[PDB]
**Q** 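Mind having a look at this structure? Questions to follow.
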Number of protein chains: 2
Amino acid sequence: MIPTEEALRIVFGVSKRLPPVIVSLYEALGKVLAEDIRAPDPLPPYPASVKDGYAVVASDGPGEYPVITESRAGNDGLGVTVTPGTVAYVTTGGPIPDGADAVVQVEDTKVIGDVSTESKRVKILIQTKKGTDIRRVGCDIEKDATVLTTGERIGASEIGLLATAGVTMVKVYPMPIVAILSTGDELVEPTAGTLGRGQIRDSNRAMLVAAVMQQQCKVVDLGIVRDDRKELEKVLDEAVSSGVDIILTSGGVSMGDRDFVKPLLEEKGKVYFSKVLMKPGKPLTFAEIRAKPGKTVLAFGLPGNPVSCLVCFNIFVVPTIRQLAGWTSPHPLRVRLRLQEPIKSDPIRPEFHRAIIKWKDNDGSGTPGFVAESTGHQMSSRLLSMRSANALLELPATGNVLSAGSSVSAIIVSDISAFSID
Amino acid sequence: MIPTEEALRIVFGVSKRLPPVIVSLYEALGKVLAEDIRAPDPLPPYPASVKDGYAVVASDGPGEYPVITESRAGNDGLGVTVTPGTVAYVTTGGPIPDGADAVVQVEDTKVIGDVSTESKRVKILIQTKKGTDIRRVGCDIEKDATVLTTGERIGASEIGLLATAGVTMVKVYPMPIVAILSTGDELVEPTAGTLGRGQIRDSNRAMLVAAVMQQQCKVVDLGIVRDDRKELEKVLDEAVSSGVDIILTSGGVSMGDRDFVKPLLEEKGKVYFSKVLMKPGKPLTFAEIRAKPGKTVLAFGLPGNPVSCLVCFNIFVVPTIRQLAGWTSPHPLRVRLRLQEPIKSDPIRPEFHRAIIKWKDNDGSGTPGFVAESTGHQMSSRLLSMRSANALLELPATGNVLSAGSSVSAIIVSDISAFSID
Ligand SMILES: Nc1ncnc2c1ncn2[C@@H]1O[C@H](COP(=O)(O)O)[C@@H](O)[C@H]1O
Ligand SMILES: Nc1ncnc2c1ncn2[C@@H]1O[C@H](COP(=O)(O)O)[C@@H](O)[C@H]1O
Ligand code: MOO
Ligand code: MOO
Ligand SMILES: [Mg+2]
Ligand SMILES: [Mg+2]
């Protein structure tokens, strides 16, 4: 039995970043960059107007002037020089014609004379300064500037920067492919209606398929496997040979006489641990299998108890997926929060207590902060204790009652940007 | 020009939850439940062992006893009664045979005699209590108990609860379908290499496609549209008739003489506003179009400036997607944080200043909390100001320099569970 911090250190030490691949721009979203990106041209590549109005010679000052060209895009005004005593109409993003050194926004101007006559004239109502409302070449992005670097995760703004730079095929770290199976003679498919004696619906498999889909990985669903050593070996050898990077099993890892996951993983590879000092998730097995040519497969013999299964996925499998996906910060967000109710900590095993947390203007102490409500009874067989739980409170093994208003460390396990407000 | 709080109130008031649909279990992930879910049978549906060991009569106490059956799943031990003076082998999740009222874990037992002889005997090493290590029928979930309710978002634990309850087809609120187009004679596709005079790559479209994909919505990519009124009307009528729920355009909404988005939206529907008091995102247009039979289409005439485009998406479009998707808490997470450097606020427009935020053990004041670093120059044409930005600091329009260490409100715009730790 090892502490969770040691089990996390071992998993991290064995887990290796996947070889990079080339993907399309839309396939690059969510992925970590495996190359630096440089701008091939400046942004803007031409002097551009910040406003809809008139490009002027600043030194001319307020007065009435003829409009000698109109510049909105492309070759508009090419070969036209705005000389002292003239102006050019411009729209935002329009190229500044040669000779103009400032832009006066349309609100500080007035058109003079009849619009029907070909010759347009405008009254500039202010005294402007050279450079006003013009984006010089390269002011937003300089040519050859690094706009994105290796190790940076691609979100919407990063896709926008790749498009700005003309990069539609991107070198990234891929997501791992994950195989998932359930174990047990007592299991039936979740499509089962009336259950026969001693049967339960397989809930862990669909739960883990959903959890892995939330981490943006491809899933290989290997179904229900019975408590038969040859059958489980065949399905594990099949998963190892299929090209997946991670295998997730649940159940068949406790002290039962037909719990074959641990001895099969010892036979096929290297088991680093099979027991962890934690509440819930004690029978967790982690192993490294080498697939014959030629790559490493990580195997997590997750516990059968639904709560223990999901907590072990959240604490150990999520950072492993991220490490394989090239994240430099794979660890989960940890915050500090105040308890909204008293919670009794366990006397021997530190607890990952499920909570529903929210940000409050007053956390109970006068200042703003996160607050936590327990999900109730914490039994490892009670999947209702994971319902709506967006955090795991880290309760040390003291045996004391932590009173309402006391502060604890909490691992956030679900999208902080999808947190329901107070 | 209206304040952002009024623009958000108007958008919320017009936006209506989409009609619910029936989807498969894996399609239900991320979606909000449109029906309550009740357990059709209890969990466990039979008295189940919490441990691998022996089912006993508690009153028998420590002693040596014959093992009369073995119970791991299904019909194991059916018709066998554990009477006083006998025990039954059980594995975790195994049905408790009739007559046994407690379980003694295998660690508190010892097998006696030769294993080869058919008759097995075990020594129970402790005095147990009635009910120990047995999960009674329905202790985790009672039959007909409500396990999930209308308005609850489906995450991995909720998929696990649907599978437990045998629900593989779920009534949910769907995500809206979003049409996206760019406007401008100066735009070229992001596949363009060398740019001609007065051209830029279309970056907003791929950025908004990525942003909408992160919100789990289907995208209808309508491409680049030129600054031609008939062309833009045709593409808008096409989007309205196609069945999308939201149209996103960018550009063609400022004061230019070929900015046709506003007048086209006024003609096709009801424009609620076209100008907002905010830095960045001032030219935002919001309109409601009625598609002929027969449904409502929401249209956001987003600003062309890349920063303004993404900030307006993050503040106004993200809660609208969530409201249409049936979220009861569509608003973004707002927290309070301390500035890591000084920031000058604008004297007239309140600013959505881009920041990279992280949780620190000491936020600078001695206690733990969020801290923010600015992304630098905040110009609306500078997409590099959105790079890695996971929050928008809400700076009031005071004109004062907010010093390092002062606290501000911040909107979190990207997965809090994907936050890089300190
Ligand atoms: N799709 C786009 N990608 C990048 N920049 C754009 C896009 N559309 C408009 N812009 C720029 O945003 C600014 C305002 O656009 P508009 O509202 O059309 O005048 C101008 O500088 C445009 O060149
Ligand atoms: N796929 C599953 N879905 C729900 N419960 C399970 C699953 N697999 C195992 N269990 C339960 O978890 C507990 C421990 O399983 P095991 O480690 O196989 O003894 C037992 O009560 C099992 O019935
Ligand atoms: O042995 Mo556990 O910690 O109830 O899965
Ligand atoms: O007019 Mo803006 O607020 O630079 O898009
Ligand atoms: Mg089992
Ligand atoms: Mg334009």
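Below, chains carry the letters A, B, ... as their sequence lines are ordered, and counting in each starts from 1. For the numbers below, each heavy atom of this structure counts, side chains included, while hydrogens, waters and symmetry mates do not. Each ligand, and each atom within it, is numbered from 1 in the order the structure gives.
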**Q** Return the residue, atom name and 0.1 Å-rounded distance of the protein heavy atom closest to atom 1 (N) of ligand 2.
**A**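 Heavy-atom neighbour on the protein nearest atom 1 (N) of ligand 2: A/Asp202 OD1, 2.8 Å.
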
**Q** Salt bridge (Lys or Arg N to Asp or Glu O under 4.0 Å) between B/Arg72 and B/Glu70: does it pass, once the steps are laid out?
**A** CA-CA 7 Å; B/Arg72 309 182 191 77; B/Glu70 307 190 327; 2.9 Å; yes

**Q** Give a yes/no verdict on whether any heavy atom in B/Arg135 is under 4.0 Å from an atom of ligand 2.
**A**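 Judged by the 4.0 Å heavy-atom criterion, B/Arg135 does count as contacting ligand 2.
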
**Q** Which heavy atom of B/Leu29 sits nearest a heavy atom of B/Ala156, and at what distance?
**A**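 Looks like CD1-N, 4.2 Å.
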
**Q** Could you identify the single nearest non-hydrogen protein atom to atom 15 (O) of ligand 2 and state the distance to 0.1 Å?
**A**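 Ranked first by proximity to atom 15 (O) of ligand 2 is A/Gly304 CA, 3.8 Å.
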
**Q** Quick check on contacts: which atoms of ligand 4 are under 4.0 angstrom from a heavy atom of B/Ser308?
**A**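 Those atoms are 2 (Mo), 3 (O), 5 (O).
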
**Q** Any side-chain to backbone donor/acceptor pair from A/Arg136 onto A/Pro44? Under 3.5 Å, distance only.
**A**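 Between the backbone of A/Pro44 and the side chain of A/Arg136 there is no qualifying donor-acceptor contact (under 3.5 Å).
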
**Q** Report the nearest protein non-hydrogen atom to atom 23 (O) of ligand 2: residue, atom name, distance rounded to 0.1 Å.
**A**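 Of every protein heavy atom, A/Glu186 OE2, 2.7 Å lies nearest to atom 23 (O) of ligand 2.
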
**Q** In the protein, which heavy atom is nearest to atom 7 (C) of ligand 2, and how far is it?
**A**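 So the nearest neighbour among protein heavy atoms is A/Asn204 ND2, 3.5 Å.
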
**Q** Assess B/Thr91 for proximity to ligand 2: is some non-hydrogen atom of it under 4.0 Å away?
**A**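 No, B/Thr91 has no heavy atom closer than 4.0 Å to ligand 2.
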
**Q** Rounded to the nearest 0.5 Å, how far apart are OG of A/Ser274 and CD of A/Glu266?
**A**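 The distance works out to 7.0 Å.
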
**Q** Tell me which protein heavy atom sits closest to atom 4 (C) of ligand 2, plus the residue, atom name and distance to 0.1 Å.
**A**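 Result for atom 4 (C) of ligand 2: A/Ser203 OG, 3.2 Å.
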
**Q** Which is it for A/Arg354 and A/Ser385 under the side-chain hydrogen bond (donor to acceptor under 3.5 Å, both in side chains) test, yes or no, and what are the steps along the way?
**A** CA-CA 7 Å; A/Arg354 277 74 66 205; A/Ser385 75; 2.8 Å; yes

**Q** Is there a polar contact, in the sense of an N or O pair closer than 3.5 Å, between A/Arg205 and ligand 2?
**A**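 In this structure, A/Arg205 places no N or O atom under 3.5 Å from an N or O of ligand 2.
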
**Q** Once you round to the nearest 0.5 Å, how far does CD of A/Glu394 lie from CD of A/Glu351?
**A**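 If I round to the nearest 0.5 Å, the distance is 12.0 Å.
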
**Q** In the protein, what heavy atom is nearest to atom 5 (N) of ligand 2, and what distance, to one decimal place, separates them?
**A**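 Here the nearest protein heavy atom works out to A/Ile200 CD1, 3.6 Å.
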
**Q** Report yes if some N/O of A/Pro306 lies less than 3.5 Å from some N/O of ligand 2; otherwise report no.
**A**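 Min N/O separation from ligand 2 is not below 3.5 Å for A/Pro306.
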
**Q** Tell me whether A/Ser49 contacts the main-chain N or O of A/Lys51 through its side chain, where contact means a donor paired with an acceptor under 3.5 Å.
**A**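 Yes; judged by distance alone, with no hydrogens or angles, the pair exists.
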
**Q** Compile the donor-acceptor pairs under 3.5 Å between side chains in residues 300-317 of chain B and protein atoms, sequence neighbours left out, one pair per line.
**A**
from, atom 1, to, atom 2, distance (Å)
B/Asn305, ND2, B/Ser380, OG, 3.4
B/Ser308, OG, B/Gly281, N, 3.3

**Q** For A/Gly251, take its heavy atoms, then give the atoms of ligand 2 lying under 4.0 Å from any of them.
**A**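 The list of qualifying atoms is 16 (P), 17 (O), 18 (O).
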
**Q** Please state whether A/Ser254 comes within less than 4.0 angstrom of ligand 2, counting heavy atoms only.
**A**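 It does, in that a heavy atom of A/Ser254 comes within the 4.0 Å cut-off of ligand 2.
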
**Q** For atom 19 (O) of ligand 2, state which one of B/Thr92, A/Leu302, A/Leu383 supplies the nearest heavy atom.
**A**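 The residue whose heavy atom sits nearest atom 19 (O) of ligand 2 is B/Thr92.
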
**Q** Return yes if some donor-acceptor pair links the side-chain N/O of A/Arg135 with the main-chain N/O of A/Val50 below 3.5 Å, else return no.
**A**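 No, A/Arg135 side chain to A/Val50 backbone: no donor-acceptor pair under 3.5 Å.
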
**Q** When you measure from atom 21 (O) of ligand 2 to every protein heavy atom, which one gives the shortest distance, and what is it?
**A**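 Looking at atom 21 (O) of ligand 2, the protein heavy atom closest to it is B/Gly93 CA, 3.4 Å.
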
**Q** Using a strict threshold of under 4.0 Å (side-chain N to carboxylate O), is an ion pair present between A/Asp228 and A/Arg258?
**A**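 Judged by the 4.0 Å cut-off on N to carboxylate O distance, A/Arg258 and A/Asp228 do not form a salt bridge.
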
**Q** Could you tell me whether ligand 3 has any atom less than 4.0 Å away from a heavy atom of A/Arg349?
**A**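 In this structure, A/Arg349 qualifies as a contact of ligand 3 - some heavy atom is under 4.0 Å.
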
**Q** Check whether A/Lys344 reaches the backbone of A/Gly399 with its side chain - one donor and one acceptor, N or O, closer than 3.5 Å.
**A**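 Checked: pair present.
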
**Q** Could you walk me through whether A/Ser182 and A/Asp202 pass the side-chain hydrogen bond (donor to acceptor under 3.5 Å, both in side chains) test, one step at a time?
**A** CA-CA 7 Å; A/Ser182 283; A/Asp202 178 5; 2.8 Å; yes

**Q** With a 4.0 Å cut-off on heavy atoms, is A/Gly252 in contact with ligand 2?
**A**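 Yes, A/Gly252 has a heavy atom closer than 4.0 Å to ligand 2.
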
**Q** Relative to the heavy atoms of A/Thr183, which atoms of ligand 2 are at a distance of less than 4.0 Å?
**A**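 Here the atoms of ligand 2 in question are 8 (N).
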
**Q** Using a strict cut-off of 4.0 Å, indicate which atoms of ligand 2 neighbour a heavy atom of A/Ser182.
**A**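 So the atoms of ligand 2 that pass are 1 (N).
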
**Q** For atom 1 (O) of ligand 3, what's the nearest protein heavy atom and its distance?
**A**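 The closest heavy atom on the protein side is A/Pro283 CD, 3.6 Å.
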
**Q** Ignoring hydrogens and geometry, is there a side-chain-to-backbone donor-acceptor pair from B/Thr91 to B/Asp52 under 3.5 Å?
**A**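 The answer is no, because no donor-acceptor pair under 3.5 Å joins these two groups.
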
**Q** With only distance considered, is B/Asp52 within less than 3.5 Å of ligand 2 through an N or O on each side?
**A**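 No - when backbone and side-chain N and O of B/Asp52 are compared with those of ligand 2, no distance drops under 3.5 Å.
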
**Q** List the steps and the verdict of side-chain hydrogen bond (donor to acceptor under 3.5 Å, both in side chains) for A/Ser250 and A/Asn204.
**A** CA-CA 7 Å; A/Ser250 87; A/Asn204 285 354; 2.9 Å; yes

**Q** Geometry only, no angles: is A/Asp259 polar-contacting ligand 2 at N/O separations under 3.5 Å?
**A**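 Among all N and O atoms of A/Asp259, none is under 3.5 Å from an N or O of ligand 2.
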
**Q** Consider ligand 2: state whether an atom of it lies below 4.0 angstrom from any non-hydrogen atom of A/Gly184.
**A**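 Per 4.0 Å heavy-atom rule, A/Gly184 does not contact ligand 2.
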
**Q** Could you tell me which atoms of ligand 4, counted from 1 in the order shown, lie closer than 4.0 angstrom to a heavy atom of B/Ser380?
**A**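 This gives 4 (O) as the contact atoms.
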
**Q** Is the closest N or O pair between B/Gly281 and ligand 4 shorter than 3.5 Å?
**A**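 Yes, since at least one N or O of B/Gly281 sits under 3.5 Å from an N or O of ligand 4.
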
**Q** Decide yes or no for B/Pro40 and B/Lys143: does some side-chain heavy atom of the first lie under 4.5 Å from some side-chain heavy atom of the second?
**A**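 They are not in contact (no side-chain heavy atoms under 4.5 Å apart), so the answer is no.
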
